[PDB]
Amino acid sequence: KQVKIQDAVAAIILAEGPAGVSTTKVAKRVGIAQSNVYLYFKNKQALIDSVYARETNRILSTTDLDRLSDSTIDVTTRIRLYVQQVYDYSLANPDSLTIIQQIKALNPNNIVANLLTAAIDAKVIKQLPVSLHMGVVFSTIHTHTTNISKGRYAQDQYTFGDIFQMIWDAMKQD
Amino acid sequence: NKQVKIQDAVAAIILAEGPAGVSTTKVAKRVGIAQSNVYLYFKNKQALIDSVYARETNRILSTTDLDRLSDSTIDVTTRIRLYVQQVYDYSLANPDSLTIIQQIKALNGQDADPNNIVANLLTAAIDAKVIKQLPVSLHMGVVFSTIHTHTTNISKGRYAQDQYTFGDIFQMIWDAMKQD
């Protein structure tokens, strides 16, 4: 029953936000008893963590994370491949970052973190908190994705090149 | 003041349960007054939310700020810096404000205040090729998102308020925006 309860956490998060989430409402929205839910997820935070896991694990495959952990590939290139993958993922899944962006707004071999700290140490990106580097990547891509979903401009108005220029200029040293 | 007590109550509920959690009943219980008392000032749940939205957004820039930002004789690079520095100071001094705004905005899902002053500044900067030929919302987004993250990082005890200077944070935001 994992999946059903998760898709309900998601539609709730989209409509009412992460703070709107509870065992009770999740129960009602699906249509089982309260304690049906407890067996997978014992409370509000576990629920949010769960959908949060489902959406975040969809961004990079197991392959993608492995390829990204490869030290032999320079950090500049690995940062681009990562942002590219976040961008491609977001455009294909335009409610996903809204769910993730939202949950961060309420709120494993640490490959992405490790790569950014490697780039900071190597003076490739600015000595700023990792959260600020992650932030500009995710918020820029999220705004662009939601701009497209609202019909503010066409999906072909801008290229990854155009959006990446803002993101990389934000991140890089100087 | 009753209105202020009511707005403070709405803002707390938004932080705890999001905008969907707001009700006249819940607001009245928090303030310690009758619902009838709440209805003298606000006609319904939407009016309660809209009031807090306008309070938070209106606290960002003063009339003084706006006059400087709309002054077409001042170069745009200077006015952008003045703008972002104000949002930065504003946010650190009001650590929940951007969070509240963002939450209300997320639930609605459809400036330079009334007269589009900030938007006008950014478009003028775009036309002059001073900042990137990208949507105004992307420029706005980098400003607000970076400042918001930095603000909540400080509330979460991740580092001190003085660990980074405005210059350090503005270097990321200005690089993001500027043409090239």
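Tabulated results
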{"item": "Under 15 Å from B:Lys26, Cα to Cα: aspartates and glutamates that are on another chain or at least 8 residues apart", "result": "B:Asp8, B:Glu17"}
{"item": "Estimated dipole of chain B in Debye, rounded to 20 [Cβ of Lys and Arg +1, of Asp and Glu -1, Cα centre]", "result": "780"}
{"item": "Region A:100-142-region A:153-170 distance, computed between alpha-carbon centres (Å)", "result": "18"}
{"item": "Nearby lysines by direct alpha-carbon distance to A:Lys104 (threshold 20 angstrom, same-chain neighbours under 8 apart not counted)", "result": "A:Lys44, B:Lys105, B:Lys156"}
{"item": "Value of [θ]222 nm, deg cm²/dmol, for the protein assembly as shown, DSSP H segments ≥ 4, -39500 (n - 2.57) each, nearest 500", "result": "-21500 deg cm²/dmol"}
{"item": "Rounded if a/c under 1.5, otherwise prolate or oblate - the protein assembly as shown, Cα gyration tensor axes", "result": "oblate"}
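Neighbour counts run over all protein chains shown; Cβ positions are idealised from the backbone, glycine included. We did not get these values from a lab; they are worked out from the coordinates using the rules stated.
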